[PDB]
Structures are given as C-alpha cells and as structure tokens.
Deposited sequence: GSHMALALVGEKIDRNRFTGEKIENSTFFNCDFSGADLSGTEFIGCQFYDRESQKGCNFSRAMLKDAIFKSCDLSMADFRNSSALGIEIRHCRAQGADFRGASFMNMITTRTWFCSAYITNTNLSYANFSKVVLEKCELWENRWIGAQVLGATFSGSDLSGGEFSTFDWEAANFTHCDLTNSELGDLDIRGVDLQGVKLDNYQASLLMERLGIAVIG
C-alpha cells in the first residue's frame, strides 16, 4: 500500500501499521514508532522532526530491516536498539539522531548524502558498510567501529579520529579536520593524493 501526505501528531504507531508500506510527503511529529515493524517500509520526502516542539520521533527497538528513508528529516530521531540490517538512509537530515545500540548485522547499512552532524554512534558496529558523502560534524563516535566502510566524500571537521576504529576505511575525497597519521591507526585506510600531501604537510614535509 501507499500513503500520501499523512500528518500524524503524538501517535503511538502500531507494530504492523506501516510494515512494507510506502509513505510520501508525510509528517510525523512526536510520534512513537518504537517496537514497530517497518521491514521494507519506504519513507520519501517525510519529516519526523517538529520545529515547534523540537521533538523527533522514537524508533527505538524498531524492526528496520531493508527500510528506506529518502530525503526525510530524521533530526533527533531515536534509533536506539533498533534492528537495522540493510537500512537505507539517503539524502536525509539526521542531525542529532541516536544510533546507540542499533544493530546493522556481517554488517549492512547504506547511510549516504546525509547530515549526521551531532549524531550519536557511540559503540556502534558499522563494518564494511556504505557511509559516503555524509556530514559528520560533532558526531559522537566513542568506541564505535566503522572498519572497512566507505566513508569517502565526508566532512570530518570537529571529529575525534582517535575515538573509533577507522582501519580499512575509504576516506578519500574528504575534509579530514585534525586527522594526523602519527596519532591514529590507519592500517588499510585509503586516502587520495591531495589528502596525503596535506597529512604530510602536518609533518613539515612538502609533497611536490
């Protein structure tokens, strides 16, 4: 089934209300999707963040297997302890979204072209996932692992490279902020020539 221009406020969403459904140009303000089965559910052009109340929606413990969020505002969304294997978040605003305890598992996740500023990834396991072209300013990554993921095209100013595992990641074509090859384990990491020159410059070396 498909839904267009819904506008829900303050609702508890029943576990099976939207499973496998397609929802477009809809608003969900202060809604509780916790425990909901959103397997295969596809949200396009939807807003889950309420400018007035400044509340997001609750997705904690939701089943999000193969769910899709395209061009949605998921600012301040609570995804804690969700089951998110194969989730897609594409071209979304996800500022302050909370992923702690979410499972993406072997891992699979596609979070791309997404504003992840101030999002919380503490202790999250996102190994060998698709995580490119995101904005990561102030993202909380304490104890996380992104090992092997493609993070390329990313904006990593105000980002603690020492806080998470980045080994084997693709970091090419990214603003690296304060990354330094003397202080961070970069085994297996991919970087581009422009980034290599910058990083070497930090050591006082001029790459000609």
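According to the record, C-alpha coordinates are lacking for deposited residues 106-113, 217.
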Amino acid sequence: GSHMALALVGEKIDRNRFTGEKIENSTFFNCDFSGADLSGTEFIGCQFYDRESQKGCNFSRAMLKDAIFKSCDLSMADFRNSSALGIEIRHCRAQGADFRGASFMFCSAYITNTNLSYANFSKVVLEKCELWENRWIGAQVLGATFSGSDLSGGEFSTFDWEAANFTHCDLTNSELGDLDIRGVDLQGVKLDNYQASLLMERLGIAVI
From here on, numbers count along this sequence of modelled residues.
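Looking at 37-45 and 171-179 together, the entry lists the larger mean B-factor for 37-45, computed on C-alpha atoms. Looking at 146-154 and 60-68 together, the entry lists the larger mean B-factor for 60-68, computed on C-alpha atoms.
In the PDB entry, a CA B factor belonging to the middle third of its chain's modelled residues is recorded for residue 161. In the PDB entry, a CA B factor belonging to the middle third of its chain's modelled residues is recorded for residue 104.
In the PDB entry, a CA B factor belonging to the lowest third of its chain's modelled residues is recorded for residue 189. Per the deposited record, the Cα B-factor of residue 76 falls in the middle third when ranked against the other modelled residues of its chain.
Remark: residue 87 belongs to the middle third of its chain, ranked by C-alpha B-factor as recorded.
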